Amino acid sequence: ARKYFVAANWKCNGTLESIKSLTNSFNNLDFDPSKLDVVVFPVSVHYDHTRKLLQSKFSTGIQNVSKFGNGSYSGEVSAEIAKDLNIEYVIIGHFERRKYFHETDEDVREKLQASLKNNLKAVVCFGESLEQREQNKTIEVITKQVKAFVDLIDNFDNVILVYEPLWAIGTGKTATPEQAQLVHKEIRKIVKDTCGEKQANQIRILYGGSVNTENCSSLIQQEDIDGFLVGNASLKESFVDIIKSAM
């Protein structure tokens, strides 16, 4: 069966001290890393500090990766550099990159290609806007976004999909677990259509909308939701409850 996968996307947050206290409270949770993946994504300049403090049961990665490889790309972190540093995971396609930094479907594709060439594991995010949903284009947008990279997947344990319901982020709308599950089912279908039943059955599809201690159980129970990419709630000590929801 699929291994559940609970990730903390710390986004642009943290001090040396806050990370010391937060990582201390995460270490107190017993879990079995051969049964459940728990991954923490700190800011790049916090990675060494975070990786040292978190116990080995925790996996780690970074919040973005370059499409370009090594060379004259000031400000970028290459997949080669991540591999040399044994950084296990990268997030690609997060909506904040697509919103604030003009990241395109082709950038997501090229980042995934770079990541896989360097043996990184990729958490790849996509999802449709309020306008797109209101126009009844959910499946059309998600098909387009997934087919932008899906043919590159070389091992369905090592690329993890994230559904970001942009229509329920910053909009006042809240997605029900039923609504989230429906999209997850369709996402698994796109992978079945393009890659094969056995591959669709292996791939983890995480929910990446608002996750907190109160809704996490109702989401993880859904048949096609395999875990979470968590924002704000992963900056709290109570994140451990979100991890326990998947245990």
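The first residue of the sequence shown is number 1, and the count goes up from there.
Report the stretch with the higher mean CA temperature factor, choosing between 20-28 and 221-229 on the basis of the entry. The entry gives the higher C-alpha B-factor average to 20-28.
Residue range whose averaged C-alpha B-factor is higher in the record, 127-135 or 162-170: The entry gives the higher C-alpha B-factor average to 127-135.
Out of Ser66, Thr213, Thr60, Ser44, which one has a C-alpha B factor higher than all the others in the entry? By C-alpha B-factor in the record, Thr213 ranks first.
Specify which of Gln113, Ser72, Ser78, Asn155 carries the largest Cα B factor in the deposited PDB entry. Within the set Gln113, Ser72, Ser78, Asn155, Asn155 shows the top C-alpha B-factor.
Ordered by C-alpha B-factor within the chain, which third holds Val38? Give me lowest, middle or highest, please. Middle third, going by the recorded CA B-factors of the chain.
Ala180: which third of its chain by C-alpha temperature factor? Tercile = middle for this residue's CA B-factor.
Please say which third, lowest, middle or highest, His49 falls into when its CA temperature factor is compared across its chain. Middle third by C-alpha B-factor.
What third of its chain's C-alpha B-factors does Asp107 belong to: lowest, middle or highest? Its C-alpha B-factor belongs to the middle third of this chain's values.
Using the temperature factors of the C-alpha atoms in this entry, rank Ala8 within its chain: lowest, middle or highest third. Lowest third of the chain for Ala8's C-alpha B-factor.
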